[PDB]
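Asker: Here it is, the structure, as structure tokens.
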Number of protein chains: 2
Amino acid sequence: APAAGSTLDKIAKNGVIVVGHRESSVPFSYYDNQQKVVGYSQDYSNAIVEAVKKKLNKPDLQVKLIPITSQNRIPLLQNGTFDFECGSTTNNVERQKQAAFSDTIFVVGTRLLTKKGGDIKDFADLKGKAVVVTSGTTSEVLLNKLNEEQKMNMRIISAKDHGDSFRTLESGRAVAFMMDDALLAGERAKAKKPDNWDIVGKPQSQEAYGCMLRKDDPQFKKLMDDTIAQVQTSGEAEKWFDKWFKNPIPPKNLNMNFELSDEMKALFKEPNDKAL
Amino acid sequence: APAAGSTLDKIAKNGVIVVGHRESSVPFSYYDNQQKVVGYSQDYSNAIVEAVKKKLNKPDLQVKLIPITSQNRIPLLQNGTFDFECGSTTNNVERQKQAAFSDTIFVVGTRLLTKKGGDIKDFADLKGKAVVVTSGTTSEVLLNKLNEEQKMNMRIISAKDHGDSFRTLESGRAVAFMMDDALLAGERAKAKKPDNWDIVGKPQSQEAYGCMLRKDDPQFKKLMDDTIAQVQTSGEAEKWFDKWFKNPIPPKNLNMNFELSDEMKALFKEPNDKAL
Ligand SMILES: N[C@@H](CCC(=O)O)C(=O)O
Ligand SMILES: N[C@@H](CCC(=O)O)C(=O)O
């Protein structure tokens, strides 16, 4: 039976499960401009909601969707503004001090988006340039560290979400946008002219996405992990991958044209929740 | 503007304010058996709810009542199961490490309820006796300490709420109930034979009640304290006192017959939030 102060207890007492989600983490958790929140990560959220309804024996449980940002997600989690989110949040040791993470749902590398035919091909080319990054991200930490340690004299623009960052780039307010490679591709899949944008640079990190939930709630983490493990080991996660990464997606019917990583091939066979 | 991770932000983002309340803290926050949650403390909760609706310019804001207990209130608070509660929670330094408290709304002393016809006149008379206390309370802490340090050989029965404690006493399962004096009087007011029961003993503590809210949320504490201050300094709090403590109350139409202390009168003129 759920313990006082656990998430299943909160949900049962409120009669609501509150699902945090992203607005612009494409193709993970984002708005389709068809009145829904969709994507590869959001498909896990939907599965988790069904598992909660089943566990609590409450099929008419209200489901509330609450938008969150990379900057605000931990504060909102910790006061119960939302109960869990599946999007584009990196599981790392630092964040484990504040939150818990499910089994890994995706793996990314941090790279650059830049205009084609410009002069940015590697991180070193950013010296003395304006560079945009989304506030509250691992890329913002990495980029500020690079700026200091490698003395690059970058002017770092911190934007509120990934589409704001992309539009900074698109409007010529920055020469490159640093982010998780998949998210860069996702922003390009919404662009005016997708052709105009290239992903370049050696990755500065390799990072695991997990669904995020409150710390010290083993029962809820187990529900989430068990749900993820069924999706992944049954072959369903790979079908979700193909849908969101190899086929036309909203809102512009463009294709990511990605291929499934070796890292996720191994995780779909034996799910785990380790930070990289 | 409410910061991310604050209670006003949570309320706005969820479209609801969740008010924790008691079931058996008489005459503070309790069920009237007329389909309402009522009492002297709950009157402050209603005032705070109105202040929230005004501050957020949300006149139709949903209000959800959630029952809590002495044992589960801090776990439930910390994961956002509820946003605030006004009842019978003591503000003390230890709990300030986990929660915040409003300006004080009442002051109690921890005493004993026992058969008027019986042998229990002070705490020392409890040696070798069965004594009931409500789980998760300051009285439970005090009573276990007294048992150990004074080697009293009491058999301590820990019941889930104040009415369960009283009914333990009434049914002959314990010789006395230790609790806040006002709460003892409130349970007596519901008894089969109220006249059978006496409040005895030297108080083991003097304790201040506050409404409880999350820690590190100055703006919500300020809204609550501002609301309380107006009620108290205008004379309304004493009218609420008279209503709940000097006139017949539900559910049995009996009277507490209490008098407002000079200390409370002094607080009502200049509100403050200090633990005793
Ligand atoms: N995965 C990165 C960037 C993407 C994001 O936050 O959406 C992070 O968790 O900081
Ligand atoms: N005021 C005490 C006892 C009453 C109660 O919890 O309701 C406490 O906060 O522990």
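FYI, nothing fancy with the structure tokens labels: chains A, B, ... in order, residues from 1 per chain, ligands from 1 as they appear.
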Against ligand 2, which residues of chain B fall within 9 Å? For each one I want the closest pair of atoms and the distance in Å (one decimal), counting only C-alpha atoms and all ligand atoms, rows by chain and increasing residue number, as a tab-separated table.
Answerer:
```
residue	atom	partner	partner_atom_place_in_ligand_line	distance
B:22	CA	ligand 2	7 (O)	7.9
B:24	CA	ligand 2	7 (O)	8.3
B:25	CA	ligand 2	7 (O)	6.1
B:69	CA	ligand 2	7 (O)	7.4
B:70	CA	ligand 2	6 (O)	4.4
B:71	CA	ligand 2	6 (O)	7.7
B:73	CA	ligand 2	6 (O)	8.9
B:87	CA	ligand 2	7 (O)	7.1
B:88	CA	ligand 2	7 (O)	4.4
B:89	CA	ligand 2	9 (O)	3.5
B:90	CA	ligand 2	9 (O)	3.8
B:91	CA	ligand 2	9 (O)	7.1
B:92	CA	ligand 2	9 (O)	8.6
B:108	CA	ligand 2	1 (N)	7.8
B:110	CA	ligand 2	3 (C)	8.4
B:134	CA	ligand 2	3 (C)	7.6
B:135	CA	ligand 2	6 (O)	8.3
B:136	CA	ligand 2	10 (O)	6.2
B:137	CA	ligand 2	10 (O)	3.1
B:138	CA	ligand 2	10 (O)	4.0
B:139	CA	ligand 2	3 (C)	6.4
B:140	CA	ligand 2	10 (O)	7.8
B:141	CA	ligand 2	10 (O)	8.7
B:161	CA	ligand 2	7 (O)	7.9
B:162	CA	ligand 2	7 (O)	7.4
B:179	CA	ligand 2	3 (C)	6.4
B:180	CA	ligand 2	3 (C)	5.9
B:183	CA	ligand 2	4 (C)	7.3
B:207	CA	ligand 2	1 (N)	7.0
B:208	CA	ligand 2	1 (N)	7.7
B:209	CA	ligand 2	1 (N)	6.5
```
Asker: Go ahead and dump the residues you just picked, C-alpha atoms, as a short mmCIF file (atom, residue, chain, number, x, y, z; two decimals), in the first residue's frame.
Answerer:
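Final output, saved to part.cif:
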```
data_model
loop_
_atom_site.label_atom_id
_atom_site.label_comp_id
_atom_site.auth_asym_id
_atom_site.auth_seq_id
_atom_site.Cartn_x
_atom_site.Cartn_y
_atom_site.Cartn_z
CA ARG B 22 -8.26 17.67 10.27
CA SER B 24 -11.10 15.36 14.76
CA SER B 25 -9.35 18.48 16.06
CA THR B 69 -3.35 13.38 10.35
CA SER B 70 -0.87 14.36 13.01
CA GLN B 71 1.41 11.58 11.77
CA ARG B 73 0.95 15.93 7.76
CA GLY B 87 -5.77 23.06 12.53
CA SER B 88 -4.00 21.99 15.67
CA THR B 89 -0.35 21.76 14.59
CA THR B 90 2.26 22.97 17.08
CA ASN B 91 4.93 25.26 15.69
CA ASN B 92 8.26 24.15 17.16
CA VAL B 108 -2.46 25.08 24.55
CA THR B 110 -0.60 19.35 27.32
CA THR B 134 -2.41 10.32 19.31
CA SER B 135 0.33 9.15 16.99
CA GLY B 136 2.65 11.80 15.58
CA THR B 137 2.04 14.44 18.25
CA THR B 138 4.17 16.46 20.63
CA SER B 139 2.29 14.67 23.45
CA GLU B 140 3.46 11.29 22.17
CA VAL B 141 7.07 12.57 22.29
CA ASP B 161 -6.48 10.53 15.62
CA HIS B 162 -7.91 12.36 18.59
CA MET B 179 -3.24 15.73 24.64
CA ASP B 180 -3.46 19.47 24.21
CA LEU B 183 -8.44 19.11 22.06
CA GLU B 207 2.59 25.08 22.68
CA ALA B 208 1.63 27.49 19.91
CA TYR B 209 -0.59 26.48 16.99
#
```
Asker: Check the DSSP output for the backbone and give back, as a PDB file with N, CA, C and O atoms, in the first residue's frame, the residues of range 66-208 of chain B in alpha helix (DSSP H).
Answerer:
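Below is the file out-v4.pdb, written as the result:
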```pdb
ATOM      1  N   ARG B  73       1.057  14.586   8.320  1.00  0.00           N
ATOM      2  CA  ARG B  73       0.954  15.933   7.760  1.00  0.00           C
ATOM      3  C   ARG B  73       2.243  16.450   7.139  1.00  0.00           C
ATOM      4  O   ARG B  73       2.174  17.082   6.071  1.00  0.00           O
ATOM      5  N   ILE B  74       3.399  16.209   7.731  1.00  0.00           N
ATOM      6  CA  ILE B  74       4.627  16.750   7.140  1.00  0.00           C
ATOM      7  C   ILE B  74       5.013  15.994   5.874  1.00  0.00           C
ATOM      8  O   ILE B  74       5.317  16.663   4.849  1.00  0.00           O
ATOM      9  N   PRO B  75       4.994  14.670   5.786  1.00  0.00           N
ATOM     10  CA  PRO B  75       5.231  14.000   4.489  1.00  0.00           C
ATOM     11  C   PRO B  75       4.298  14.490   3.396  1.00  0.00           C
ATOM     12  O   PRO B  75       4.707  14.694   2.237  1.00  0.00           O
ATOM     13  N   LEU B  76       3.013  14.649   3.689  1.00  0.00           N
ATOM     14  CA  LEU B  76       2.040  15.098   2.709  1.00  0.00           C
ATOM     15  C   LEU B  76       2.291  16.549   2.244  1.00  0.00           C
ATOM     16  O   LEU B  76       2.114  16.909   1.084  1.00  0.00           O
ATOM     17  N   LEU B  77       2.735  17.376   3.181  1.00  0.00           N
ATOM     18  CA  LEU B  77       3.072  18.760   2.855  1.00  0.00           C
ATOM     19  C   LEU B  77       4.250  18.829   1.889  1.00  0.00           C
ATOM     20  O   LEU B  77       4.263  19.585   0.917  1.00  0.00           O
ATOM     21  N   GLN B  78       5.276  17.991   2.213  1.00  0.00           N
ATOM     22  CA  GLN B  78       6.519  18.137   1.463  1.00  0.00           C
ATOM     23  C   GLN B  78       6.466  17.655   0.035  1.00  0.00           C
ATOM     24  O   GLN B  78       7.269  18.161  -0.761  1.00  0.00           O
ATOM     25  N   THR B 138       3.227  16.013  19.604  1.00  0.00           N
ATOM     26  CA  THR B 138       4.165  16.462  20.633  1.00  0.00           C
ATOM     27  C   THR B 138       3.880  15.715  21.934  1.00  0.00           C
ATOM     28  O   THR B 138       4.818  15.404  22.702  1.00  0.00           O
ATOM     29  N   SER B 139       2.626  15.411  22.242  1.00  0.00           N
ATOM     30  CA  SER B 139       2.295  14.673  23.454  1.00  0.00           C
ATOM     31  C   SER B 139       2.893  13.270  23.410  1.00  0.00           C
ATOM     32  O   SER B 139       3.371  12.772  24.437  1.00  0.00           O
ATOM     33  N   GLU B 140       2.856  12.630  22.264  1.00  0.00           N
ATOM     34  CA  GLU B 140       3.463  11.294  22.169  1.00  0.00           C
ATOM     35  C   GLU B 140       4.940  11.384  22.515  1.00  0.00           C
ATOM     36  O   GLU B 140       5.483  10.516  23.231  1.00  0.00           O
ATOM     37  N   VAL B 141       5.649  12.381  21.987  1.00  0.00           N
ATOM     38  CA  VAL B 141       7.067  12.570  22.294  1.00  0.00           C
ATOM     39  C   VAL B 141       7.269  12.748  23.796  1.00  0.00           C
ATOM     40  O   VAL B 141       8.124  12.117  24.442  1.00  0.00           O
ATOM     41  N   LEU B 142       6.513  13.686  24.381  1.00  0.00           N
ATOM     42  CA  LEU B 142       6.646  13.978  25.771  1.00  0.00           C
ATOM     43  C   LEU B 142       6.356  12.775  26.665  1.00  0.00           C
ATOM     44  O   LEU B 142       7.051  12.533  27.664  1.00  0.00           O
ATOM     45  N   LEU B 143       5.302  12.032  26.331  1.00  0.00           N
ATOM     46  CA  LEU B 143       4.841  10.931  27.151  1.00  0.00           C
ATOM     47  C   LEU B 143       5.897   9.768  27.087  1.00  0.00           C
ATOM     48  O   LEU B 143       6.172   9.168  28.149  1.00  0.00           O
ATOM     49  N   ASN B 144       6.438   9.471  25.917  1.00  0.00           N
ATOM     50  CA  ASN B 144       7.503   8.475  25.853  1.00  0.00           C
ATOM     51  C   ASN B 144       8.748   8.887  26.611  1.00  0.00           C
ATOM     52  O   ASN B 144       9.369   8.083  27.282  1.00  0.00           O
ATOM     53  N   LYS B 145       9.082  10.177  26.557  1.00  0.00           N
ATOM     54  CA  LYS B 145      10.243  10.652  27.307  1.00  0.00           C
ATOM     55  C   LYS B 145      10.031  10.553  28.797  1.00  0.00           C
ATOM     56  O   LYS B 145      10.938  10.178  29.528  1.00  0.00           O
ATOM     57  N   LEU B 146       8.823  10.921  29.215  1.00  0.00           N
ATOM     58  CA  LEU B 146       8.503  10.844  30.639  1.00  0.00           C
ATOM     59  C   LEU B 146       8.565   9.393  31.088  1.00  0.00           C
ATOM     60  O   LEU B 146       9.094   9.057  32.153  1.00  0.00           O
ATOM     61  N   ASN B 147       8.060   8.462  30.267  1.00  0.00           N
ATOM     62  CA  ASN B 147       8.097   7.034  30.576  1.00  0.00           C
ATOM     63  C   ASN B 147       9.497   6.546  30.801  1.00  0.00           C
ATOM     64  O   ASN B 147       9.783   5.762  31.746  1.00  0.00           O
ATOM     65  N   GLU B 148      10.414   6.949  29.923  1.00  0.00           N
ATOM     66  CA  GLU B 148      11.803   6.493  29.998  1.00  0.00           C
ATOM     67  C   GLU B 148      12.562   7.176  31.140  1.00  0.00           C
ATOM     68  O   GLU B 148      13.218   6.530  31.950  1.00  0.00           O
ATOM     69  N   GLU B 149      12.515   8.524  31.196  1.00  0.00           N
ATOM     70  CA  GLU B 149      13.348   9.237  32.147  1.00  0.00           C
ATOM     71  C   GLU B 149      12.886   9.148  33.578  1.00  0.00           C
ATOM     72  O   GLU B 149      13.697   9.119  34.475  1.00  0.00           O
ATOM     73  N   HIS B 162      -7.480  12.009  17.246  1.00  0.00           N
ATOM     74  CA  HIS B 162      -7.909  12.359  18.593  1.00  0.00           C
ATOM     75  C   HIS B 162      -9.187  11.652  19.019  1.00  0.00           C
ATOM     76  O   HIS B 162      -9.317  11.278  20.190  1.00  0.00           O
ATOM     77  N   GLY B 163     -10.150  11.482  18.112  1.00  0.00           N
ATOM     78  CA  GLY B 163     -11.363  10.781  18.484  1.00  0.00           C
ATOM     79  C   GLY B 163     -11.091   9.332  18.765  1.00  0.00           C
ATOM     80  O   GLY B 163     -11.716   8.731  19.665  1.00  0.00           O
ATOM     81  N   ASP B 164     -10.187   8.717  18.010  1.00  0.00           N
ATOM     82  CA  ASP B 164      -9.822   7.305  18.270  1.00  0.00           C
ATOM     83  C   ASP B 164      -9.187   7.205  19.652  1.00  0.00           C
ATOM     84  O   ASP B 164      -9.462   6.257  20.390  1.00  0.00           O
ATOM     85  N   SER B 165      -8.328   8.152  20.004  1.00  0.00           N
ATOM     86  CA  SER B 165      -7.734   8.197  21.336  1.00  0.00           C
ATOM     87  C   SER B 165      -8.814   8.293  22.391  1.00  0.00           C
ATOM     88  O   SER B 165      -8.840   7.565  23.375  1.00  0.00           O
ATOM     89  N   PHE B 166      -9.727   9.287  22.219  1.00  0.00           N
ATOM     90  CA  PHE B 166     -10.771   9.432  23.235  1.00  0.00           C
ATOM     91  C   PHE B 166     -11.582   8.159  23.371  1.00  0.00           C
ATOM     92  O   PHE B 166     -11.917   7.754  24.493  1.00  0.00           O
ATOM     93  N   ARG B 167     -11.946   7.532  22.255  1.00  0.00           N
ATOM     94  CA  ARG B 167     -12.795   6.349  22.359  1.00  0.00           C
ATOM     95  C   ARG B 167     -12.036   5.179  23.024  1.00  0.00           C
ATOM     96  O   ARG B 167     -12.682   4.320  23.654  1.00  0.00           O
ATOM     97  N   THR B 168     -10.719   5.165  22.912  1.00  0.00           N
ATOM     98  CA  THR B 168      -9.887   4.202  23.689  1.00  0.00           C
ATOM     99  C   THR B 168     -10.104   4.372  25.183  1.00  0.00           C
ATOM    100  O   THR B 168     -10.303   3.430  25.954  1.00  0.00           O
ATOM    101  N   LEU B 169     -10.057   5.618  25.640  1.00  0.00           N
ATOM    102  CA  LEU B 169     -10.352   5.977  27.024  1.00  0.00           C
ATOM    103  C   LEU B 169     -11.749   5.617  27.407  1.00  0.00           C
ATOM    104  O   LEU B 169     -12.024   4.981  28.440  1.00  0.00           O
ATOM    105  N   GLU B 170     -12.726   6.021  26.598  1.00  0.00           N
ATOM    106  CA  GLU B 170     -14.146   5.856  26.930  1.00  0.00           C
ATOM    107  C   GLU B 170     -14.554   4.386  27.085  1.00  0.00           C
ATOM    108  O   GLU B 170     -15.383   4.048  27.924  1.00  0.00           O
ATOM    109  N   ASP B 181      -4.866  20.483  25.912  1.00  0.00           N
ATOM    110  CA  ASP B 181      -6.059  20.663  26.707  1.00  0.00           C
ATOM    111  C   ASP B 181      -7.295  21.020  25.877  1.00  0.00           C
ATOM    112  O   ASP B 181      -8.371  20.468  26.093  1.00  0.00           O
ATOM    113  N   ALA B 182      -7.147  21.951  24.912  1.00  0.00           N
ATOM    114  CA  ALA B 182      -8.321  22.334  24.118  1.00  0.00           C
ATOM    115  C   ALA B 182      -8.886  21.129  23.347  1.00  0.00           C
ATOM    116  O   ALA B 182     -10.107  21.018  23.190  1.00  0.00           O
ATOM    117  N   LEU B 183      -7.997  20.315  22.805  1.00  0.00           N
ATOM    118  CA  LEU B 183      -8.435  19.114  22.059  1.00  0.00           C
ATOM    119  C   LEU B 183      -9.117  18.113  22.957  1.00  0.00           C
ATOM    120  O   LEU B 183     -10.082  17.441  22.514  1.00  0.00           O
ATOM    121  N   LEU B 184      -8.629  17.947  24.187  1.00  0.00           N
ATOM    122  CA  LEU B 184      -9.297  17.080  25.154  1.00  0.00           C
ATOM    123  C   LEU B 184     -10.715  17.530  25.417  1.00  0.00           C
ATOM    124  O   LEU B 184     -11.650  16.736  25.438  1.00  0.00           O
ATOM    125  N   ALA B 185     -10.879  18.859  25.613  1.00  0.00           N
ATOM    126  CA  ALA B 185     -12.212  19.418  25.820  1.00  0.00           C
ATOM    127  C   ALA B 185     -13.096  19.192  24.595  1.00  0.00           C
ATOM    128  O   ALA B 185     -14.281  18.901  24.713  1.00  0.00           O
ATOM    129  N   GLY B 186     -12.502  19.327  23.402  1.00  0.00           N
ATOM    130  CA  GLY B 186     -13.271  19.078  22.188  1.00  0.00           C
ATOM    131  C   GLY B 186     -13.736  17.670  22.032  1.00  0.00           C
ATOM    132  O   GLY B 186     -14.887  17.429  21.619  1.00  0.00           O
ATOM    133  N   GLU B 187     -12.894  16.682  22.374  1.00  0.00           N
ATOM    134  CA  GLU B 187     -13.336  15.281  22.347  1.00  0.00           C
ATOM    135  C   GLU B 187     -14.382  15.041  23.421  1.00  0.00           C
ATOM    136  O   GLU B 187     -15.354  14.299  23.159  1.00  0.00           O
ATOM    137  N   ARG B 188     -14.212  15.615  24.587  1.00  0.00           N
ATOM    138  CA  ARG B 188     -15.236  15.487  25.635  1.00  0.00           C
ATOM    139  C   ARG B 188     -16.588  15.994  25.184  1.00  0.00           C
ATOM    140  O   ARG B 188     -17.599  15.450  25.565  1.00  0.00           O
TER     141      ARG B 188
END
```
Asker: For chain A, work out the contacting residues on chain B at 7 Å, counting only C-alpha atoms, and write them as number ranges by chain.
Answerer: B: 4-5, 10, 13, 66, 72, 75-76, 78-81
Asker: Any idea what's packed within 10 Å of residue 121 in chain B, counting only C-alpha atoms, ignoring anything in its chain fewer than 4 positions away? Could you give it as a list in words?
Answerer: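 Returned residues: residues 112, 113, 114, 115, 116, 125, 126, 198, 199, 200, 201 and 202 of chain B.
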Asker: With a distance cut-off of 8 Å and only C-alpha atoms, select the neighbouring residues of residue 153 in chain A, excluding the residue or stretch itself and same-chain residues fewer than 2 positions from it, and output the selection as a ChimeraX atom specification.
Answerer: /A:127-129,147,151,155
Asker: How would you write, as JSON, numbers by chain, the set of residues in range 152-221 of chain B that DSSP gives as strand (DSSP E or B)?
Answerer: {"B": [155, 156, 157, 158, 159, 176, 177, 178, 179, 180, 197, 198, 199, 200, 206, 207, 208, 209, 210, 211, 212, 213]}
Asker: Residue 244 in chain B: which residues within 12 Å, counting only C-alpha atoms, same-chain residues fewer than 5 positions away excluded, as JSON, numbers by chain?
Answerer: {"B": [26, 27, 28, 29, 30, 38, 39, 40, 41, 42, 43, 182, 185, 186, 189, 237, 238, 239, 249, 250, 251, 253, 254, 255, 256, 257, 258, 259, 260]}
Asker: Smallest atom-to-atom distance to ligand 1: which of A:265, A:95, A:36, A:215, using only C-alpha atoms and all ligand atoms?
Answerer: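 Result for the nearest residue to ligand 1: A:95.
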Asker: Which neighbours of residue 56 in chain A fall inside 10 Å, counting only C-alpha atoms, when residues of the same chain fewer than 3 positions from it are skipped, and could you give them as a list in words?
Answerer: residues 1, 2, 8, 9, 11, 12, 51, 52, 53, 59 and 61 of chain A
Asker: Let's have the selection written as a compact mmCIF listing (two decimals), in the first residue's frame, with N, CA, C and O atoms.
Answerer:
```txt
# COMPACT_ATOMS: atom_id res chain seq x y z
N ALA A 1 0.82 -1.19 0.00
CA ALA A 1 0.00 0.00 0.00
C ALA A 1 0.86 1.26 0.00
O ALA A 1 1.84 1.32 0.73
N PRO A 2 0.55 2.27 -0.78
CA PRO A 2 1.44 3.44 -0.78
C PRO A 2 1.58 4.11 0.58
O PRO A 2 0.62 4.33 1.31
N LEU A 8 2.22 7.84 -5.27
CA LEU A 8 0.92 7.15 -5.43
C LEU A 8 -0.05 7.58 -4.34
O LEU A 8 -1.25 7.65 -4.60
N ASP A 9 0.43 7.86 -3.13
CA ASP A 9 -0.43 8.40 -2.07
C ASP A 9 -0.99 9.77 -2.45
O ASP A 9 -2.20 10.03 -2.29
N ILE A 11 -1.38 11.04 -5.44
CA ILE A 11 -2.32 10.87 -6.54
C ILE A 11 -3.66 10.37 -6.09
O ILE A 11 -4.71 10.91 -6.44
N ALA A 12 -3.67 9.35 -5.24
CA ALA A 12 -4.93 8.80 -4.73
C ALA A 12 -5.66 9.83 -3.90
O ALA A 12 -6.90 9.99 -4.00
N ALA A 51 -0.49 2.72 -16.27
CA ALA A 51 -0.09 1.85 -15.19
C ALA A 51 -0.53 2.37 -13.85
O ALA A 51 -0.85 1.60 -12.94
N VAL A 52 -0.53 3.70 -13.63
CA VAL A 52 -1.01 4.26 -12.40
C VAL A 52 -2.49 3.99 -12.21
O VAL A 52 -2.95 3.63 -11.13
N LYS A 53 -3.29 4.24 -13.25
CA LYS A 53 -4.72 4.01 -13.17
C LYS A 53 -5.03 2.58 -12.77
O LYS A 53 -5.91 2.30 -11.99
N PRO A 59 -9.87 4.00 -12.86
CA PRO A 59 -9.80 4.24 -14.31
C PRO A 59 -10.18 5.67 -14.68
O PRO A 59 -9.80 6.08 -15.78
N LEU A 61 -9.35 8.40 -12.99
CA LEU A 61 -8.38 9.36 -12.45
C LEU A 61 -8.21 10.54 -13.37
O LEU A 61 -7.95 10.33 -14.57
```
Asker: Using only C-alpha atoms and all ligand atoms, which residue out of A:243, A:192, A:222, A:111 lies closest to ligand 1?
Answerer: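 Looking only at the distances to ligand 1, the closest residue turns out to be A:111.
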Asker: Neighbouring residues of residue 211 in chain B were defined as those with any atom within 6 Å, considering only C-alpha atoms; residues of the same chain fewer than 4 positions away were excluded. Please report them as a PyMOL selection string.
Answerer: chain B and resi 85-86+101-102
Asker: Could those selected residues go to a file with C-alpha atoms, as a tab-separated table (two decimals), in the first residue's frame?
Answerer:
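Contents of out-v3.tsv, freshly written:
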```tsv
chain	number	residue	atom	x	y	z
B	85	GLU	CA	-3.51	23.56	6.67
B	86	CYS	CA	-4.89	25.43	9.70
B	101	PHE	CA	4.37	28.15	10.24
B	102	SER	CA	2.13	31.20	10.15
```
Asker: Under the rule that only C-alpha atoms and all ligand atoms are counted, which of A:62, A:205, A:57, A:150 is the nearest residue to ligand 1?
Answerer: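 That would be A:205, the residue with the smallest distance to ligand 1.
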Asker: Please measure the separation of CA of residue 32 in chain B and CA of residue 232 in chain B, giving the value in Å to one decimal.
Answerer: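 Interatomic distance, CA of residue 32 in chain B to CA of residue 232 in chain B: 24.3 Å.
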